[PDB]
Every structure is written in C-alpha cells, then in structure tokens.
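Encoded as structure tokens, the structure appears first; notes follow it.
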There are 2 protein chains.
Amino acid sequence: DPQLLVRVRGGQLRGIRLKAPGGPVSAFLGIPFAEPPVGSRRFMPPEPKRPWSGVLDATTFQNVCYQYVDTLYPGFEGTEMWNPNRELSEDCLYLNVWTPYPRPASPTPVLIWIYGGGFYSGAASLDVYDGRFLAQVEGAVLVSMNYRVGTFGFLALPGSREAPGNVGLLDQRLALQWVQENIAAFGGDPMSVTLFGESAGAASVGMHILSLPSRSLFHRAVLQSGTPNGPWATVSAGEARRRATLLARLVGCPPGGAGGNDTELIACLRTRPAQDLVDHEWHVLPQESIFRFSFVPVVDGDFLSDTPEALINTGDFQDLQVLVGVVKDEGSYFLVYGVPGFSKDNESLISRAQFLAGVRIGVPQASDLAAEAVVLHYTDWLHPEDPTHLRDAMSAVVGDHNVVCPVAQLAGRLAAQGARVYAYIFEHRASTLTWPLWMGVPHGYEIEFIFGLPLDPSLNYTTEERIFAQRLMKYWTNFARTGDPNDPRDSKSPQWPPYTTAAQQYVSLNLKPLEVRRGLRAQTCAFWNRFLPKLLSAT
Amino acid sequence: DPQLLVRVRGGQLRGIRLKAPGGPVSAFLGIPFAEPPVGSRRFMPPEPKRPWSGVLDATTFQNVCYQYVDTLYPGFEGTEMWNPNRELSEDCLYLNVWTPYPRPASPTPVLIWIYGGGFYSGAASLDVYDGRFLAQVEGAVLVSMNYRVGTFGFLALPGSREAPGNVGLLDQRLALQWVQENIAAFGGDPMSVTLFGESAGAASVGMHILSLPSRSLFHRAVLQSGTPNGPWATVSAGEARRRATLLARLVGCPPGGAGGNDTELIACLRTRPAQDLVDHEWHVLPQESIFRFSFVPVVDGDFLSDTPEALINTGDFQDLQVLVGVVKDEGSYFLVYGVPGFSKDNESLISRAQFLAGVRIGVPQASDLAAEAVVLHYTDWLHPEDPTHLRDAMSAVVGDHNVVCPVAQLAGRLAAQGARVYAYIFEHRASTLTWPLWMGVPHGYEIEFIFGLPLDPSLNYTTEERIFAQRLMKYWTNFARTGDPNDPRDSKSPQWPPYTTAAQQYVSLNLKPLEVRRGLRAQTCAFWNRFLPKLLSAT
C-alpha cells in the first residue's frame, strides 16, 4: 500500500493503518530522527540520523528516553498514565507521524506536539498523546517526537564542549528540522508548522520562540499550562554547574580528590549506567520543594541569549500568533508529592501550621519576609484556620506561582510586544478523572480533551465530553490553520477575542459555551509578577 | 425659676431655658471646672476651679481654647463649621450641661461629649455639638467640656515638672471628676457616665479607658471615627521633646546659644503671646504629611503606662461596653489639605504619579518598600491609571490607615479581651453636605445626626434624615442606658449584634434599616494591622 510506504530524505519507511472511530489513519511510528546519543554521545547535541538501506519499519512505538519512574501511588491510573509505556533506553530519539488515510490532497497544516514532565520525564508513546483523532477527524498531519529528559537531556557544565546543556531542546529542534525537510512527503505543509505542548513541553515551545534558530521551523505556537519564563523551567549556569558536579560526585565522578578537568568529569560520567544517574537526580536540588526540577534548560547565552524573562521582556514578537491557557487547579497535583498533610486518599483538610510550612516548600526561594507576604496574600483573615480554605490556598500558591501568573506574565508581555495572543481557562473536570475531587482540574487534565480521547467510545466519557472534545479540537486545528481558534468565516455564536494588555480578555474553556472574561488572576498575579520579585531582590 | 438655679459643689449657677422643637430644655453653659491655666499655669496640669460667691451666670457659651483657625476655604461652611465660634482665649476651661425642662425625676444617664480636631483645634461651643435635642427628646443629661488643644494642651518636655504633657487630657479628666461630684444636681446619674467623642475626642475617650485614674469616672464608652491606637493620636517622649524644643527655638526660646534648662525653656515659652506658638505649630512635623498632628498625647509612662498598642493588646477590658464605628469615606476630607491634585472645587481626577506621591504624604512613616506595598495593595492592575479609581484609592489609603483599620484593630482587641463591643459604618451622606460629591461621607459627617440636628425644622434636612436621626439618637441613648444600642425589650425588627473576633459583625448605619455585615475591611486591615508593621520594622 503506497499509503503506508513513504520515502524520507534518508530512506524508506513502512507505516501502519490505524482505525479511529471516524475512519482510517496512516501512522508512521518510530522514525529515527537522529543517531542514538549513546556511549560517547551522552550529554552531546544530537546528530542527524544516517540514511538507511531497505525499508525501515515504522509500524510501532519506540523506546522512551531514560528517566525516573513514578512510584508514589503504584497501580494508580492518575500517576501511572504519565509513566513510560515502552522500554527505557538512551536510544530513544524517534518521532511519530499520523496522517489521515488516505494522505491528504494538498499540504495540510502540521501540529508538532511536545510532551512535558518537568524536563525529567515524559514520552510521545503515551496514550493521551494519541494523534489519531486530530488527524482522523480534523484531517491534520500530527507529529510527536521524543527528546532526552533528565541528566541526559540537560545535565550541563556550561562552557564545556561535551555537556554544554539544553541538548534535550536541540533534540526537539532537530525533530523540527526534520519535519521541515520531510513532512511534505506525508502530505504536511512545511509552511504551516504549529508547535504545541503542555507543562515543560509548553515551556519548550516557549524556548523555541525565544531561540533564534528555532524560529524558521515553526509559524504558530500553543503553550498549555507552562511557559519559558517562570521559576522552574530554567536555571543559571552557576546552578547548573553546581548540580552537575554535585551529581557527578555522588556517582563517584571523578573518584578521589581529583578535579579541574571538566572533560575527565564528563568522561567519567559517560561510563556510569544510566540508572546510576537517575538514582541521584533528585539529590541536587538546593532546598526541600515542589514544582522544582533538577535538570532543565540552562541560560547558557547560546540556546537562550539571556533569561527568558529578559527575552519576553524585550523580544520582537510582532506577528507571532500564540494560543496560551491554564487549567482550573494547576497546583493541586504537586501537593501530594511533598506537602505534609496532603494525600490523594483523604480530603487533605490541612492545619494552619501545615499551610505555613507548605508555603516554604511551595516557594522555596522565598525569604521569610517574602513568605510572610505570600501568607498574607493567601490567608483568609476572617477564617485563618478553616482547613478547607487553607487547603485550596496551598494549591493556589503553587498553581499561581508556577503556572498561572507566569502564563499571564507571558501573555501580556507578548501582546504588548506585537504578538496576537489568545488565552483560556480549562475548567472541565473529566468524568473519568481518578484523582480525588479536591484536586478539581489538575495540571495536565486538558490533554485527554485536546487530543480527542473522548471520541473513542470504549474509553467512555460523556457525550457532552465528546462534543466538548470536538469543540476543543476545532479551536486548536483552527488556530493551527488560520491563527485564530474561531469558527472559520462561519461566525457561529460565541467569539474568542485576543488577549490584550488593556482589556485582558480570556475565555472559559468548558462544557458551557465560550464565556469571555477579563484579567487572569489580575491582583494575585500583580502580587507575584510585580511586587514579590522586588521583595525577594531586597531580601 | 429653681429649674434654672442650681447650687454646685463650688457655688450657685443660673442656667437659661432653651427651646428645642419637642419642648423646653434647661442649659447651663460656661461652668468653670478649673482655674484658668494662664500665665505661669500654661503647660500645667489643670487645677480645680475655686468656689465662687453669689450666683455664677451660666447662660452662655464661654471662650474657645487657643487654637489655629482654618483658612483654606474662607467663608465655606464645610470648613468654617469646625472653626471657633467664640473668642479665642487661654481662659477656656468650662463645660456645659443640658437637662430636660424640667429636671428629670430620677437619676438620668449622662452622655459626656468630647470634641475632636486633631488635638489641635475644636470646641464644645460648636453648633453640631448642641446637646439640646438628646436631652429634650431622649431625656438625657448631656455634658460637653472644653479641653486645651495644641501646644497649650500637649506641648511636652517629658519628665519636666512644668510641661509634662497630656494636660489637655487631664483637662477632660477634671471635667469628668466634676461631672462625678456635681452632675447629680442636674438630675444626672453619676453612676451611668457614658463618654462619647469623634476624631481625637474618640481617641481621647480611648485614652480614658487606657488610663487607670480615668476609669472610675465613666462606665460606658463610644468612639466615633477615631481610636487611641493608630498612627496619629500619640507620639513618643523623644519626638515630643524634639517638637517642643524645636517649637520653642523658633519662638526664640531660649534666646542665644543657651540651654540644658528645661525650666528656663518653659519659663521663656510661658511669656510668648499665645498666637506666637500657634504660628509655629505646624513647623515641627518631621515630614510632609496629612492626618498627622504636631501636639498630641504623649506616651509619658504616666497618663499612658505604655503605648496604646501595648495597652489594648494586654489590658483587661472584661466588662467594658463600647460602641465603635466609622464613616463611609474617612480619608476624603484630609486630601484637600495637602495632596497635589485634590480640591473641593473639581472632581480631583488625579494622575497616577500624583497618586504615587499621595501615598508618601498619606503614609509619611513608610519606607519605599512599604510604600510599594501600599501601592500594590490599592492599585487596580486592570486599570492602573483610571483617575477615578486612583482618586478613591488615595482617599482609602488615608481613611483606612488612620481611622478604619485602627478602629478594627481596637474592636477586635477589645472583644478578644472581654469587652462587649458593637460596631457600625455610617453611610448616609447628609443632603445638606456642602463638600463635593466625590468626598461622599467625610470624616465627621455623622455628628449632625447623632446630635439630632435634623430634628430642627429650620435647618431643613429630609424627613427621612429626621427619622434617621431619631433612630441614631435612640441607639446612642440606649447604649448609654443599657449598654446595648438595641430596642429595649421591644425586639423591634432588625437587631445589632456584638462585634466578635469570630463572626466580626458590624452594621450599616444608614437610611435603610440595620443590615448586619461581617469583617470591617478584613483583608485591607490585615494588610495594615498585621503585615505592614513588620515591613516597616524591617525597613
């Protein structure tokens, strides 16, 4: 079947024909995009996959990059669903392609997805990132690649030749240059590349916009629940180094009282079993905390010329179309992972003292005064001990601090600089959600919908959820083709207005039709984005 | 007429028969309560008036104590109404008495009023403090004394024998001891003394509660728009001294490069024409500001054993009944007196920069960071330049900082310590009000109502206002007799609940019936009463 047989710039491939509810889909899973970054390649910028003979099989999902695996709640769908579903391996630089069966007629727009998992975990192989529905139904050419997370992706000794950092991003950039020079053959338009990701994938998409060289490889961008500018998606060189060598040292690299040879250091590191590194991953953070990750993009003054803050602050984004948004309760999920009093198993009605402590875990960089400021802001002084309030407060400190305000800081900075921005607030809690009611709509629970999982009848969502999904898919693909999530020409009732400095408009993405709103946590985010920082830089 | 002829502990007096709308009233105006504090008596604690021969005439209002006179808007009722309406003079220690004609049957409860004017101005002689209606109508024995304001009342050189401070308060205490030993003869009950005052009079009432010796002279207390604990009603010894000597020095006391003799200093000061002092009154403040006064009660460690803060913080007020409240816009009035952009003549739609400056005048003690905090808190980040918002914001910074939050800090501290507290928010703007609409209900515009001025038909308020007034008078006299502003036994519809730490209940005093509410500016006041201070004590 020529539908499943495609010649790529480096060789032939055989896809597989998948069956989505509305029909058939072509799927080319496992395409090498680079030479496995193993052995003396570990910590190195990726290299273009060499051309192969014969027909490369591409009927299946490849190995997940090497990464920590979540224990915490073993056998629990809520956590497991995020875990690797393929074998772990340093040989994981592959991407996927879904195209409607049969290949489109003309150059369809492409949706390149970037998975997220703190920069330390994640995989395109995942169920919720099943690009079949968006290709099947909205007739889109969808691509999802794997990029090195953890030490392998980001361990860096800034200035070094052999562990220079951000290589997990270069992985994604490489997948992008490949989509450029080969998506054509799948019926995709190399001229309408729309990047889109969640958590650190969103953060990533952000970095592509902030990085010159990534510019020519995409035209539109979506950033769900995450940005390049907050407190957790980048570290300085100094800290990077501090956590590289510290990690090295815990692994015996270098052995003895040796030193001053970054090369020997990396050479040594390059011999340790992958799992040895993952074993010490979490011991290099400088404080007890949540929503803070050990190995993530570093401000090298290369891939990022300066901090994302400085960049979105003075960049020229005068033409960029960008969709951005957030969910009802970003912070909830993270509380279970480390804030005394919280669990998925009870209502986590915490004490005040617990909440006071939470604030220091959740805002680890905060001095005392700054912590005080945060407590002032989230305490309800008519009921400073209501456990239910405290509980939700904790979730807000975390969610606002890491996701919401940073989103809003980016939305506004973008708009003010030229961007056409759109914003939203996912508020629908999936019926199927396995987390406790108290977490409401946790970080990452919009994905099932954007991808169109409710369209699968076996999965069993509600018809509303299904319709909902379709609506959501429609907005994305529409922003994808046009650069406006809006019903074509067809001005079908509710409209989605561009987020603007002055009006500050965003929409409620939920079961009830679009419902425009103004100001994304405006006060709260003024707290965080405007004042808090000066407090911190004083203390 | 024996009604108008009364023998007091020191001599005979002849009252005059006044005519209130509902009938006749006995009025004993001008009763010396102390020996004129003139000459070598200036700056000295007051002394009990010597007994006189014959029949002391008491048919008229005596001289207003020596004080600055407001220019600003000459001929304008809004300011003039506060100005002296009698001759100025250091010989002003007299009080007044209104009793219903004819003398009550049995010991009526007494309402002793304490006028307020920044501790620098004021007089019982004023029109709005006409105790005839409250005696006429609610059959109450009302008393209003004059106490030395300004330098004469408060200039102090702490530790000195001859200018020890707080003598204006001792004046009021003396009037109190007189009411004690003589109100009896006017049909008043020396056993049901209810102090009640506004602005610094309220602040004063507060100090009586905080001062042991004032305790035995009153049983209930009301504090309108003012408390002993805020930022402006007390100064330390050190500052007191600093402003005494500085004032002295500007007046040539002592002349030359002399010194180290507080006595010579005061002796010298004691020779300067009263107006010479008033002339330099306003030059000893340490910063440009508003709602800040030069000469006011000092924390001597005598009349006040420690700061009012410390006192309401650890005092035992377990039995005290106290009514407390505030008006819609405390801060408005003060803006005209010194905040660039404001005037009574235009809508004062200020610029942002103006508002930024306002904040430093209005919160003179604030460091930069603290000012920042205040700006953060009152700026509306969706419209940080809306002049109308800025305008009202300025008024709130001032009103919350000086009156509201301090009231709330006291209410709560009292309640928590045993007090039975009641609270309110006067929200009715008199129809007659001559200030611009933008000031809404300015500091001091409840007085007309509590005193019952609308009952006078010539004055021409609205019937509602009249009825309103009657209602208000009823609450006061009721709190006065019972210690509960509530309709007797007669549970006549809406009830006024005690302000409590937990529920934080207060009521809307306005045209529409009582309407209980919870939390007096709860967030805002948490800002000011809890956080702001630590910010300031850090900076």
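Just so we're on the same page: first chain in the structure tokens is A, next is B, and so on; residues restart at 1 for each chain, and ligands are numbered from 1 in the order they show up.
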Just want the 10 Å neighbourhood of residue 409 (chain A), counted on only C-alpha atoms, with same-chain residues fewer than 5 positions away dropped. Output as number ranges by chain. A: 227, 229-230, 309, 312-313, 403-404, 414, 520, 525-526, 528-530
DSSP on the backbone, strand (DSSP E or B) only: what residues of region 356-474 of chain B does that give? Format it as a ChimeraX atom specification. /B:420-422,424-426,442
May I ask you to extract the residues of chain B within 7 Å of chain A, using only C-alpha atoms, and to give them as a PyMOL selection string? chain B and resi 381-382+519+522-523+526
Saved selection, atoms kept: N, CA and C atoms, as a PDB file, in the first residue's frame:
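Written out: part.pdb:
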```pdb
ATOM      1  N   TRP B 381      -4.774  46.847  39.095  1.00  0.00           N
ATOM      2  CA  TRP B 381      -3.949  46.421  37.984  1.00  0.00           C
ATOM      3  C   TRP B 381      -4.621  46.164  36.668  1.00  0.00           C
ATOM      4  N   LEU B 382      -5.957  46.194  36.614  1.00  0.00           N
ATOM      5  CA  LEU B 382      -6.592  46.087  35.305  1.00  0.00           C
ATOM      6  C   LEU B 382      -6.694  47.514  34.781  1.00  0.00           C
ATOM      7  N   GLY B 519     -16.769  41.411  58.969  1.00  0.00           N
ATOM      8  CA  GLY B 519     -15.435  41.845  58.609  1.00  0.00           C
ATOM      9  C   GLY B 519     -15.352  43.300  58.179  1.00  0.00           C
ATOM     10  N   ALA B 522     -11.630  43.540  56.306  1.00  0.00           N
ATOM     11  CA  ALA B 522     -10.838  42.427  56.747  1.00  0.00           C
ATOM     12  C   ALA B 522      -9.508  42.182  56.069  1.00  0.00           C
ATOM     13  N   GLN B 523      -9.444  42.125  54.748  1.00  0.00           N
ATOM     14  CA  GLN B 523      -8.170  41.907  54.085  1.00  0.00           C
ATOM     15  C   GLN B 523      -7.253  43.104  54.317  1.00  0.00           C
ATOM     16  N   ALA B 526      -5.973  43.610  57.365  1.00  0.00           N
ATOM     17  CA  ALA B 526      -4.959  42.604  57.788  1.00  0.00           C
ATOM     18  C   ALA B 526      -3.624  43.142  57.274  1.00  0.00           C
TER      19      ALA B 526
END
```
List as number ranges by chain the protein and nucleic acid residues near residue 505 (chain B), meaning an atom at most 12 Å away when only C-alpha atoms are counted, but skip any in the same chain fewer than 4 places from it. A: 382; B: 324-325, 408, 411-412, 415, 421-425, 495-501, 514-522
Calculate how many Å separate CA of residue 232 (chain B) from CA of residue 165 (chain B), rounding to one decimal.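 The value is 16.1 Å.
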Name the residues in contact with region 194-196 of chain B at a cut-off of 10 Å, using only C-alpha atoms, excluding same-chain residues fewer than 6 positions from it; report them as JSON, numbers by chain. {"B": [109, 110, 111, 112, 113, 114, 115, 142, 143, 144, 176, 202, 204, 205, 206, 208, 209, 217, 218, 219, 220, 221, 222, 223, 224, 321, 322, 323, 324, 476, 477, 479, 480, 481, 483]}
Dump as a Markdown table the rows for residues of region 253-345 of chain B within 12 Å of region 351-359 of chain B: closest atom pair and distance in Å with one decimal, only C-alpha atoms counted, ordered by chain and rising residue number.
```
| residue | atom | partner | partner_atom | distance |
| --- | --- | --- | --- | --- |
| B:288 | CA | B:358 | CA | 10.5 |
| B:289 | CA | B:358 | CA | 9.0 |
| B:290 | CA | B:358 | CA | 9.5 |
| B:331 | CA | B:358 | CA | 11.8 |
| B:334 | CA | B:358 | CA | 11.3 |
| B:335 | CA | B:358 | CA | 8.6 |
| B:336 | CA | B:358 | CA | 11.2 |
| B:337 | CA | B:358 | CA | 11.5 |
| B:338 | CA | B:358 | CA | 8.8 |
| B:339 | CA | B:358 | CA | 5.7 |
| B:340 | CA | B:354 | CA | 6.6 |
| B:341 | CA | B:354 | CA | 6.7 |
| B:342 | CA | B:354 | CA | 9.4 |
```
Just want the 12 Å neighbourhood of residue 30 (chain B), counted on only C-alpha atoms, with same-chain residues fewer than 5 positions away dropped. Output as a list in words.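 Listing them by chain and then by number gives residues 13, 14, 15, 16, 56, 57, 58, 59, 60, 61, 62, 63, 64, 86, 91, 92, 93, 94, 95, 96, 97, 98, 124, 125, 143, 144, 145 and 146 of chain B.
Nearest-residue note for residue 128 (chain B): choosing from B:228, B:452, B:488, B:457, the minimum distance belongs to B:452, counting only C-alpha atoms.
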Enter the distance from CA of residue 437 (chain B) to CA of residue 225 (chain B), in Å, rounded to one decimal. 19.9 Å
What's the 10 Å shell around residue 106 (chain A), counting only C-alpha atoms, without same-chain residues fewer than 2 positions away, as an NGL selection string? :A and (103-104 or 108-109 or 184 or 187-189)
Which residues, written as JSON, numbers by chain, have at least one atom at most 9 Å from region 298-308 of chain A, with only C-alpha atoms counted and residues fewer than 5 positions away on the same chain left out? {"A": [154, 156, 158, 159, 164, 165, 166, 169, 170, 206, 207, 208, 210, 211, 212, 213, 228, 229, 230, 233, 234, 235, 236, 237, 239, 240, 313]}
Writing out the chosen residues with N, CA and C atoms as a PDB file, in the first residue's frame:
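This is the output file selection_31.pdb:
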```pdb
ATOM      1  N   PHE A 154      19.566  17.445  30.003  1.00  0.00           N
ATOM      2  CA  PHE A 154      20.012  18.750  30.494  1.00  0.00           C
ATOM      3  C   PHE A 154      21.201  18.819  31.399  1.00  0.00           C
ATOM      4  N   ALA A 156      24.364  19.917  32.652  1.00  0.00           N
ATOM      5  CA  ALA A 156      25.301  20.737  31.836  1.00  0.00           C
ATOM      6  C   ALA A 156      26.467  21.257  32.626  1.00  0.00           C
ATOM      7  N   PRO A 158      28.245  24.280  31.848  1.00  0.00           N
ATOM      8  CA  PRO A 158      28.305  25.427  30.956  1.00  0.00           C
ATOM      9  C   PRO A 158      29.726  25.734  30.529  1.00  0.00           C
ATOM     10  N   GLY A 159      29.872  25.968  29.218  1.00  0.00           N
ATOM     11  CA  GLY A 159      31.136  26.300  28.598  1.00  0.00           C
ATOM     12  C   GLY A 159      31.892  25.085  28.059  1.00  0.00           C
ATOM     13  N   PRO A 164      27.236  20.613  27.194  1.00  0.00           N
ATOM     14  CA  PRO A 164      27.023  22.052  27.105  1.00  0.00           C
ATOM     15  C   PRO A 164      25.648  22.514  27.459  1.00  0.00           C
ATOM     16  N   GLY A 165      24.736  21.558  27.649  1.00  0.00           N
ATOM     17  CA  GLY A 165      23.385  21.835  28.025  1.00  0.00           C
ATOM     18  C   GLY A 165      22.355  22.058  26.962  1.00  0.00           C
ATOM     19  N   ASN A 166      21.089  21.898  27.400  1.00  0.00           N
ATOM     20  CA  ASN A 166      19.942  22.127  26.528  1.00  0.00           C
ATOM     21  C   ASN A 166      19.874  21.141  25.391  1.00  0.00           C
ATOM     22  N   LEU A 169      16.664  20.118  24.203  1.00  0.00           N
ATOM     23  CA  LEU A 169      15.924  21.084  23.387  1.00  0.00           C
ATOM     24  C   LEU A 169      16.391  20.944  21.945  1.00  0.00           C
ATOM     25  N   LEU A 170      17.714  20.774  21.826  1.00  0.00           N
ATOM     26  CA  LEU A 170      18.270  20.555  20.479  1.00  0.00           C
ATOM     27  C   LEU A 170      17.652  19.306  19.882  1.00  0.00           C
ATOM     28  N   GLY A 206       7.943  27.550  24.328  1.00  0.00           N
ATOM     29  CA  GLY A 206       8.341  28.909  24.637  1.00  0.00           C
ATOM     30  C   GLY A 206       9.782  29.204  24.248  1.00  0.00           C
ATOM     31  N   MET A 207      10.640  28.212  24.551  1.00  0.00           N
ATOM     32  CA  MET A 207      12.076  28.426  24.263  1.00  0.00           C
ATOM     33  C   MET A 207      12.370  28.437  22.795  1.00  0.00           C
ATOM     34  N   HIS A 208      11.506  27.681  22.064  1.00  0.00           N
ATOM     35  CA  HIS A 208      11.763  27.778  20.612  1.00  0.00           C
ATOM     36  C   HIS A 208      11.487  29.200  20.186  1.00  0.00           C
ATOM     37  N   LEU A 210      11.797  31.832  21.845  1.00  0.00           N
ATOM     38  CA  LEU A 210      12.837  32.679  22.388  1.00  0.00           C
ATOM     39  C   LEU A 210      14.186  32.427  21.741  1.00  0.00           C
ATOM     40  N   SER A 211      14.280  31.316  21.012  1.00  0.00           N
ATOM     41  CA  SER A 211      15.567  30.952  20.396  1.00  0.00           C
ATOM     42  C   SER A 211      15.600  31.239  18.912  1.00  0.00           C
ATOM     43  N   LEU A 212      16.575  32.043  18.452  1.00  0.00           N
ATOM     44  CA  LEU A 212      16.526  32.357  17.020  1.00  0.00           C
ATOM     45  C   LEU A 212      16.417  31.184  16.106  1.00  0.00           C
ATOM     46  N   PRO A 213      17.456  30.384  16.020  1.00  0.00           N
ATOM     47  CA  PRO A 213      17.446  29.193  15.185  1.00  0.00           C
ATOM     48  C   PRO A 213      16.160  28.441  15.288  1.00  0.00           C
ATOM     49  N   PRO A 228       8.189  29.598  29.297  1.00  0.00           N
ATOM     50  CA  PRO A 228       9.646  29.536  29.443  1.00  0.00           C
ATOM     51  C   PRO A 228      10.109  30.451  30.555  1.00  0.00           C
ATOM     52  N   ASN A 229       9.227  31.327  31.026  1.00  0.00           N
ATOM     53  CA  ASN A 229       9.672  32.362  31.941  1.00  0.00           C
ATOM     54  C   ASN A 229       9.499  32.165  33.398  1.00  0.00           C
ATOM     55  N   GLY A 230       8.720  31.247  33.943  1.00  0.00           N
ATOM     56  CA  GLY A 230       8.617  31.134  35.406  1.00  0.00           C
ATOM     57  C   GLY A 230       9.793  30.841  36.286  1.00  0.00           C
ATOM     58  N   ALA A 233      11.436  26.519  34.970  1.00  0.00           N
ATOM     59  CA  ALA A 233      11.857  25.994  33.688  1.00  0.00           C
ATOM     60  C   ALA A 233      13.229  26.434  33.293  1.00  0.00           C
ATOM     61  N   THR A 234      14.004  27.161  34.094  1.00  0.00           N
ATOM     62  CA  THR A 234      15.382  27.399  33.628  1.00  0.00           C
ATOM     63  C   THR A 234      16.246  27.560  34.886  1.00  0.00           C
ATOM     64  N   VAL A 235      17.536  27.371  34.800  1.00  0.00           N
ATOM     65  CA  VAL A 235      18.452  27.552  35.916  1.00  0.00           C
ATOM     66  C   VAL A 235      19.637  28.382  35.384  1.00  0.00           C
ATOM     67  N   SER A 236      20.449  28.964  36.221  1.00  0.00           N
ATOM     68  CA  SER A 236      21.578  29.693  35.646  1.00  0.00           C
ATOM     69  C   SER A 236      22.694  28.679  35.402  1.00  0.00           C
ATOM     70  N   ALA A 237      23.750  29.154  34.786  1.00  0.00           N
ATOM     71  CA  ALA A 237      24.941  28.370  34.514  1.00  0.00           C
ATOM     72  C   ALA A 237      25.481  27.896  35.862  1.00  0.00           C
ATOM     73  N   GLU A 239      24.190  27.454  38.748  1.00  0.00           N
ATOM     74  CA  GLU A 239      23.497  26.376  39.445  1.00  0.00           C
ATOM     75  C   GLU A 239      23.591  25.054  38.688  1.00  0.00           C
ATOM     76  N   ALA A 240      23.598  25.219  37.367  1.00  0.00           N
ATOM     77  CA  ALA A 240      23.680  24.055  36.502  1.00  0.00           C
ATOM     78  C   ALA A 240      24.965  23.315  36.903  1.00  0.00           C
ATOM     79  N   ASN A 313      10.727  40.034  27.647  1.00  0.00           N
ATOM     80  CA  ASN A 313      10.613  41.433  28.031  1.00  0.00           C
ATOM     81  C   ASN A 313      11.042  42.293  26.874  1.00  0.00           C
TER      82      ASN A 313
END
```
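Our summary of the geometry notes that CA of residue 65 (chain B) is positioned 5.6 Å from CA of residue 90 (chain B).
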DSSP on the backbone, then: every residue of region 247-437 of chain B marked helix (DSSP H, G or I), written as a short mmCIF file (atom, residue, chain, number, x, y, z; two decimals) with C-alpha atoms, in the first residue's frame.
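Wrote part14.cif, looks like this:
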```
data_model
loop_
_atom_site.label_atom_id
_atom_site.label_comp_id
_atom_site.auth_asym_id
_atom_site.auth_seq_id
_atom_site.Cartn_x
_atom_site.Cartn_y
_atom_site.Cartn_z
CA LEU B 247 8.96 74.90 68.52
CA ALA B 248 10.50 76.77 71.43
CA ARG B 249 13.62 77.57 69.38
CA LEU B 250 11.56 79.00 66.51
CA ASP B 262 14.05 72.77 80.68
CA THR B 263 12.64 75.09 83.29
CA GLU B 264 14.17 78.19 81.76
CA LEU B 265 12.91 76.89 78.43
CA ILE B 266 9.37 76.53 79.61
CA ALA B 267 9.66 79.78 81.60
CA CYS B 268 10.67 81.51 78.42
CA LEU B 269 7.85 79.80 76.47
CA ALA B 274 -0.40 82.59 72.58
CA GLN B 275 -0.51 83.26 68.83
CA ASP B 276 3.29 83.16 68.60
CA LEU B 277 3.07 79.45 69.48
CA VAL B 278 0.17 78.73 67.17
CA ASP B 279 2.24 80.42 64.49
CA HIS B 280 4.90 77.72 64.57
CA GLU B 281 2.67 74.79 65.47
CA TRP B 282 2.79 73.29 62.02
CA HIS B 283 6.55 73.60 61.53
CA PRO B 308 -1.98 52.40 73.46
CA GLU B 309 -0.97 49.48 71.18
CA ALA B 310 0.62 47.56 74.04
CA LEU B 311 -2.29 48.62 76.25
CA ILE B 312 -5.23 47.47 74.14
CA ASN B 313 -3.07 44.46 73.47
CA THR B 314 -2.82 43.31 77.11
CA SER B 332 -11.58 62.23 51.74
CA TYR B 333 -11.61 65.47 53.79
CA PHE B 334 -7.88 65.26 54.52
CA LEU B 335 -6.90 65.06 50.88
CA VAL B 336 -7.76 68.68 50.11
CA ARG B 352 -1.01 58.02 38.62
CA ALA B 353 2.17 59.89 39.56
CA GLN B 354 0.03 62.13 41.75
CA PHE B 355 -1.39 59.03 43.43
CA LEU B 356 2.15 57.65 43.84
CA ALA B 357 3.11 60.87 45.64
CA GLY B 358 -0.09 60.95 47.63
CA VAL B 359 0.88 57.61 49.09
CA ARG B 360 4.08 59.13 50.50
CA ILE B 361 2.29 62.13 52.04
CA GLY B 362 -0.54 60.00 53.35
CA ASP B 368 9.98 52.89 49.99
CA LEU B 369 9.31 49.18 50.10
CA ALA B 370 6.39 49.79 52.45
CA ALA B 371 5.09 52.49 50.14
CA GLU B 372 5.42 49.98 47.31
CA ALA B 373 3.37 47.52 49.37
CA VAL B 374 0.65 50.14 49.79
CA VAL B 375 0.66 50.99 46.11
CA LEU B 376 0.44 47.32 45.23
CA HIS B 377 -2.49 46.96 47.51
CA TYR B 378 -4.51 49.96 46.33
CA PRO B 387 -8.07 58.64 37.54
CA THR B 388 -11.40 57.97 39.22
CA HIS B 389 -10.02 54.80 40.77
CA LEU B 390 -6.74 56.42 41.80
CA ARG B 391 -8.76 59.21 43.38
CA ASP B 392 -10.88 56.96 45.51
CA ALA B 393 -7.80 54.86 46.25
CA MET B 394 -5.96 57.79 47.78
CA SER B 395 -8.95 58.51 49.99
CA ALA B 396 -8.97 54.85 51.09
CA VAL B 397 -5.25 54.73 51.88
CA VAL B 398 -5.72 57.67 54.16
CA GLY B 399 -9.03 56.62 55.66
CA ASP B 400 -8.03 53.01 56.17
CA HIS B 401 -4.62 53.80 57.54
CA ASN B 402 -5.68 56.33 60.12
CA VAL B 403 -9.26 55.51 61.02
CA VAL B 404 -10.78 52.28 59.78
CA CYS B 405 -8.09 49.67 60.35
CA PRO B 406 -7.18 51.19 63.72
CA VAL B 407 -10.88 51.03 64.68
CA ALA B 408 -10.97 47.42 63.60
CA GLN B 409 -7.70 46.69 65.40
CA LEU B 410 -9.25 48.12 68.54
CA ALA B 411 -12.67 46.46 68.12
CA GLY B 412 -11.10 43.05 67.84
CA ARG B 413 -8.51 43.59 70.56
CA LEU B 414 -11.24 44.76 72.86
CA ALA B 415 -13.64 41.94 72.11
CA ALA B 416 -10.87 39.38 72.49
CA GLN B 417 -10.06 40.84 75.90
CA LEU B 437 -19.96 64.54 45.92
#
```
So which one's closest to residue 347 (chain A), A:436, A:384, A:48, A:286? Using only C-alpha atoms, please.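 Nearest candidate to residue 347 (chain A) out of A:436, A:384, A:48, A:286: A:436.
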